[PDB]
Every structure is written in C-alpha cells, then in structure tokens.
C-alpha cells in the first residue's frame, strides 16, 4: 500500500503528509439465489 | 467520489472503457480533493487564529 501512492505522485520523493491511494472494496463471498402446482400427478398417474 | 465505482458499478466491462477517457476519472478526485483539502483551511484560519 505504500508503493501504490508513489505511483500517484509519480515521484520517488514523497513529501511529509497524507496521500490518497486507490480505493479498496470488500468482495463477495458467495451468491445467494432465493425463490400452485401443475397436476402431473393427476395427468401422468 | 470514486469515479471508477460511481460510473461503472463494480464491473470491469465498464471499467475498461473508462480507461479510454483518461484523466477524467482521476482529475475529478484531484478537483474534489482540491476542495476538501482547503475546506479545512477555511476552518483553520477562521477559528484558529
């Protein structure tokens, strides 16, 4: 995370202060899919 | 405001194209940061003399 800021200033000298490096995101663990009756027991049987 | 995420929601398909507009993504942050940096300079000089 230190090396990515020096690429933002393009400089090898990094002045004393706070610099905003690229954002981070939390990433997803998994997908969650969540969802009468036709008379096939009355037709087929 | 993060241009990359705002414009393109979490999707590289849109993220790729954004690379073609160059600095439009970044320079906004530079503008906003340019604002937010001095926003504390305002409060700095007004209240703490």
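Please treat every number below as a calculation from the coordinates, not as lab data. Backbone-built Cβ (ideal geometry, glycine too); neighbour counts: all protein chains shown.
List pairs: first residue in segment A:1-18 and surrounded by 10 or more Cβ atoms within 10 Å (Cβ to Cβ), second residue assigned to a helix (DSSP H, G or I) anywhere in the structure, Cβ distance under 9 angstrom, at least six positions apart or on different chains. As it stands, the answer is A:8/B:26; A:14/A:6, since those pairs meet every condition given. Of the residues making up segment B:4-15, at least one is closer than 16 Å to residue A:22 by Cα and more than 13 Å from chain A (Cβ to nearest Cβ). Taken over chain A, residues that are assigned to a helix (DSSP H, G or I) and away from chain B (no Cβ under 14 Å) amount to 5.
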